[PDB]
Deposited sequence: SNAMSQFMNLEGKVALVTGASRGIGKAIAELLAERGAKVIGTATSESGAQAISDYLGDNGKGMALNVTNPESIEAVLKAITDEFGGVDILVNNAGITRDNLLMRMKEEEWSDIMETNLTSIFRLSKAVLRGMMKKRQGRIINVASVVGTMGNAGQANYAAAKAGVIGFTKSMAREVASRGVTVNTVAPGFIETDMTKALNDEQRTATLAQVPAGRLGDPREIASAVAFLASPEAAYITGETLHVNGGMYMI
């Protein structure tokens, strides 16, 4: 019965690969009915393929209110409301950083948190039980990440008394298809920053998320959990 998610419906945004995928898979293994999202239909189909009976994939654009609305309705109709929301969808030189780079980061990595969070909150508060977990893996990225943490603390305070927790997981350097493609000199350089002397695995971010999502983390909210091998 320990950290068991039977009966819970989880929505994991941006679940095609790496961290997102590891999270979706672990939540399914712990008993959740899982809905993972991608930006395209084929993306959504690949997610359905790896979840099989434990859930399904859907197409979602987190910068589009209509897409958000349609996806939540479909989830609600087929599975019941979202109990666990994992906001993992996101994207990535100041003297030349352009207006569009800045605002795309704000919309995709920060405002998306606000929108999705607000769209699932009413159902969670009616049930008196809920989990929102933001995964926050460059001045534009930094501002948005810090904003997600500011939002997390502040919102946690408003919704705690209704049984909903709101937290952030902050990965360090994690082994991605992108990290694997770097050369060995670059790999060695990056690891010099990490006292543990290795990259993290996506499954290690998944574990942190699964823990916060469980009944046994009910008194943890407003928290940033760092998973970085000692890097900061």
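According to the record, C-alpha coordinates are lacking for deposited residues 1-5, 98-100, 146-154, 250-251.
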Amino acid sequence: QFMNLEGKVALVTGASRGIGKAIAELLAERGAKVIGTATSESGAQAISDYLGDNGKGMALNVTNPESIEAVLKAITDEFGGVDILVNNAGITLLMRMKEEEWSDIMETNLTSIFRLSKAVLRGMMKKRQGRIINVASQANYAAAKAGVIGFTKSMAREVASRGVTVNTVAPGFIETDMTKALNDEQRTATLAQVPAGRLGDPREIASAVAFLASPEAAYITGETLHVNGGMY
From here on, numbers count along this sequence of modelled residues.
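Of the two segments examined, 162-170 and 52-60, it is 52-60 that shows the higher average Cα temperature factor in the deposited entry. As recorded in the PDB entry, 171-179 is the stretch of 203-211 and 171-179 with the greater mean C-alpha temperature factor. In this structure the maximum Cα B-factor among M106, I113, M155, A74 is found at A74.
Per the deposited record, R96 carries the highest C-alpha B-factor of all listed residues (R131, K118, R96, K145). The entry lists a Cα temperature factor for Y141 that places it in the middle third of the chain's modelled residues. Among the modelled residues of its chain, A44 has a C-alpha B-factor that falls in the highest third according to the deposited record. In this PDB entry, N88 carries a Cα temperature factor that places it within the middle third of its chain's modelled residues. Annotation for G80: CA B-factor lies in the highest third of the chain's modelled residues.
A70 sits in the highest third of its chain by CA B factor, as recorded in the PDB entry.
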